[PDB]
Amino acid sequence: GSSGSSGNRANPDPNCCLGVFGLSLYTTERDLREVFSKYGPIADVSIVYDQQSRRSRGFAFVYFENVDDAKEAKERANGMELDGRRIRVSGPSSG
């Protein structure tokens, strides 16, 4: 016998890292940070912009305090209605 396991990680997976894709036309760190602030305390927010168009590029990076602190949103962020425009959320491992 001696057969029984569940599975547990060791190293701090990048899970925490939270990223948003397909954002609204005019989206500033303020709006997002505010929309997410509801979930909990945020660490920092950095939205990518374009060089030509004076509007958000379409992708942003949201960092939280801890992993679990992010999951809260990572689950309540995917395909969420924001300012009429729906945004998506992801979180790979290799970047």
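Residues numbered from 1 in each chain as written, not as in the entry; some residues may be left out. Heavy atoms only, no water.

For this entry, the PDB record names solution NMR as the structure determination method.

As named in the PDB entry, the protein chain is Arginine/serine-rich splicing factor 10, taken from Homo sapiens. In the PDB, the structure is listed with the title "Solution Structure of the RNA recognition motif in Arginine/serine-rich splicing factor 10".

Enquirer: Can you lay out the packing of aromatic side chains for me, pointing to particular residues and giving the numbers?
Expert: According to the stated counting rule, one finds one aromatic pair in the structure shown. An angle of 85° between the planes, with centres 5.8 Å apart, marks the rings of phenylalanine 36 and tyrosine 39 as edge-to-face. Taking relative accessible area as the criterion, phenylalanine 36 reaches 1% and is therefore assigned buried. Exposure remark for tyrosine 39: the relative accessible area of 18% places this residue in the buried category. (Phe/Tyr/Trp six-rings, centres within 6.5 Å; stacked < 30°, edge-to-face > 60°. Buried < 20%, exposed > 50% of the residue type's maximum accessible area, 1.4 Å probe, protein only.)

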